[PDB]
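Take any residue in the sequence shown, count from 1 to its spot, add 144: that is its number in the deposited numbering. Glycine residues also receive a C-beta, built at the ideal position from the N, C-alpha and C atoms. Each remark here refers to the structure printed beneath this line.
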Amino acid sequence: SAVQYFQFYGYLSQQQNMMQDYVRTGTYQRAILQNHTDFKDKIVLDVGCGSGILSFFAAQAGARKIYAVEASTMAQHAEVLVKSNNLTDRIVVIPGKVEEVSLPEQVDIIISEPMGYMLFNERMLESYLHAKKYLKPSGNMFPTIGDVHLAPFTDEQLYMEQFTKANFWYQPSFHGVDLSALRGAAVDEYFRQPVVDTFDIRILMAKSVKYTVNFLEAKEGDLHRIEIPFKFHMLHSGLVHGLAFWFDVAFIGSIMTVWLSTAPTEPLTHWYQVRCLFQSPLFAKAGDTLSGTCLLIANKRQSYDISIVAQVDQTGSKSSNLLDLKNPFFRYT
Ligand SMILES: CNCCNCc1cccc(-c2nc(NC3CCOCC3)c(C)c(-c3c(C)noc3C)n2)c1
Numbered sequence: 145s146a147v148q149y150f151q152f153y154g155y156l157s158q159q160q161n162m163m164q165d166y167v168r169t170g171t172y173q174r175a176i177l178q179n180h181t182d183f184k185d186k187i188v189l190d191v192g193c194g195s196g197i198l199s200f201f202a203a204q205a206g207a208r209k210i211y212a213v214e215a216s217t218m219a220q221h222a223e224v225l226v227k228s229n230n231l232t233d234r235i236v237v238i239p240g241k242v243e244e245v246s247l248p249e250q251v252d253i254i255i256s257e258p259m260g261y262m263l264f265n266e267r268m269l270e271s272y273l274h275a276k277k278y279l280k281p282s283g284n285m286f287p288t289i290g291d292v293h294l295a296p297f298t299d300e301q302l303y304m305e306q307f308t309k310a311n312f313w314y315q316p317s318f319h320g321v322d323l324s325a326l327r328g329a330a331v332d333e334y335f336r337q338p339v340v341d342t343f344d345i346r347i348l349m350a351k352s353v354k355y356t357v358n359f360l361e362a363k364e365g366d367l368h369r370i371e372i373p374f375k376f377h378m379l380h381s382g383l384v385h386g387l388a389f390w391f392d393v394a395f396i397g398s399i400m401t402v403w404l405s406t407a408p409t410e411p412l413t414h415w416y417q418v419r420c421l422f423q424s425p426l427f428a429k430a431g432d433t434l435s436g437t438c439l440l441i442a443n444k445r446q447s448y449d450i451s452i453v454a455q456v457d458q459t460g461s462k463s464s465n466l467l468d469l470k471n472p473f474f475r476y477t
């Protein structure tokens, strides 16, 4: 599984999809350049540098030395750009996993873009936290903190999309074959996929709950088990069809704090937003409380198993759901 993961990042087309996200790339450049005193004459570590763009931004801000670590074959293309941009004296590409390379010295700041879709996919936040073994005391992290937001939504047409697709299997005579015994399994398969896509904010039924990872303070092992309790106070009545997810990160520099948001109230990014459907939706009236837990359990496919259990307190009616974050429905395609 890890072989495929790093192969995926060997493609310039993948680098390009990220680089062409202007909200992402421009916000990284702004956060680094407008906090130029965090970089001027400093030593920096770029974790998972890909084509090296963030290391070039650190160099634009005046960093003295940049160690750019890349485990995919993109490392070879980054070295070509460093040479062609006349920066071999200041950016050193170090091919390998950040858990396995040797840096020659400690650094003043770590920069990275370790956010997967739904923030946590790819388990690269752990690689980012692991890299703090190279961080000097009172070194900084860019990004510094990450906020996940979760909110209940109603979207009857998205929900019905599922049974539309699964009812293919409810055919007693597909070319003379009765498929119908697999209908439950087909339904389960579709509902186990998080839906990656943007949406209209009018589906949202309550103010979001916020869960914060402080990258300066967190330890790698803190991300193996992510328990997110929630109690939503429903602002609207309706059928709750699942939970919507987005994230923000903040670059807390000495001059200013810069925010990168993937919220559905903000311009679209290449991360879109994520929705986890409930195979059994819950009825809530405005004023009701929808409470439960979203538990994310790290797995051996660079991702998480998602367990979401929710109940409406006034009614006792409950819904429990398992999703496989590694294998979502990229509905925006
Ligand atoms: C660490 N900073 C990365 C910033 N980018 C995050 C992001 C934002 C939006 C989408 C993806 C995405 N796209 C994938 N394929 C495309 C889907 C649509 O059709 C064309 C191909 C895959 C396979 C993955 C993936 C990875 C990586 N590991 O597992 C999985 C699954 N992720 C990733």
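Residue environment analysis places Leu269 among the buried positions, since at least 16 neighbouring C-beta atoms fall within 10 angstroms of its C-beta.
Inter-residue distance for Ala442 and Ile450 is about 9 Å (C-alpha atoms, whole angstroms).
Beta-bridge partners of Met285 (DSSP): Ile254. Around ligand 1, the residues selected by a Cβ distance under 7 Å to any of its heavy atoms are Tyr149, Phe152, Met162, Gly192, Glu257, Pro258, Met259, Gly260, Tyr261, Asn265, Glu266, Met268, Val340, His414, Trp415, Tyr416, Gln446, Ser447, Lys470, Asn471, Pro472, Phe474 and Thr477, following chain order. Apart from sequence neighbours up to five positions away, the residues of its chain that approach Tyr272 with a beta-carbon distance below 6 Å are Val191, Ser256 and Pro258, ordered along the chain. DSSP places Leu439 inside the beta strand (DSSP E), whose first and last residues are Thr433 to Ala442.
Just so you know, the alpha carbons of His221 and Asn471 end up roughly 29 Å apart. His274: not part of any beta strand (DSSP E); member of the alpha helix (DSSP H) spanning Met268 to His274, first to last residue. With fewer than 16 neighbouring CB atoms inside 10 Å of its own CB, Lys375 falls in the exposed class. Beta-bridge pairing by DSSP links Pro408 to no other residue.
Closest in C-alpha terms to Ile396, from the list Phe150, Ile253 and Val147, comes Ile253.
Within the DSSP secondary-structure output, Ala388 pairs in a beta bridge with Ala295 and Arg419.
By the Cβ rule, the stretch 332-340 does not count as touching the stretch 394-409, because fewer than three pairs are nearer than 8 Å. Excluding the 5 residues flanking it on each side, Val226 has same chain C-beta neighbours closer than 7 Å at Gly196, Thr232, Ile235 and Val237, in chain order.
In the structure shown, the three-state DSSP call for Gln446 is coil. The stretch 282-299 and the stretch 311-325 do not touch, with fewer than 3 CB-CB distances between them shorter than 8 Å. In the three-state DSSP reduction, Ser451 falls in the strand class (E or B). Sequence-distant Cβ neighbours of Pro373 in its own chain, meaning closer than 7 Å and more than five residues away, are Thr437. Secondary structure within the stretch 149-208: the beta strand (DSSP E) runs of 3 or more consecutive residues, fully enclosed, are 187-191 (chain order).
Contact between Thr342 and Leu412 holds, with the beta-carbon distance rounding to 6 Å and staying under 8 Å.
In the three-state DSSP reduction, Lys375 falls in the strand class (E or B). Beta-bridge analysis with DSSP links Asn465 to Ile452.
Following the DSSP letters along the chain, one finds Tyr334 inside the alpha helix (DSSP H) bounded by residues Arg327 to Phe335. Taking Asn358 as the centre and dropping the five residues before and after it, the same chain places the C-beta of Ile289 closer than 7 Å to its C-beta, in chain order. In the DSSP assignment, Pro239 is bridged to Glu214.
Here the C-alpha atom of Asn230 lies approximately 31 Å from the C-alpha atom of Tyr149. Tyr261 is positioned such that its CB atom lies closer than 8 Å to that of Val340. The three-state secondary structure of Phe264, taken from DSSP, is coil. Residues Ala442 of the same chain have their beta carbon placed closer than 6 Å to that of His368, with the five preceding and five following residues left out of the count. In this structure, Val242 sits near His274, with a CB-CB distance shorter than 8 Å. DSSP links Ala146 through a beta bridge to no other residue.
For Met163 against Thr171, the beta-carbon gap comes to about 13 Å, at or over 8 Å, which does not count as contact. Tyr303 carries a helical assignment under DSSP once its states are collapsed to helix, strand and coil.
By the neighbour-count criterion, in which 16 or more other beta carbons inside 10 Å mark a residue as buried, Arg267 falls on the buried side. Scanning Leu426, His377, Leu279 and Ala146 for the CA closest to the CA of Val251 turns up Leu279.
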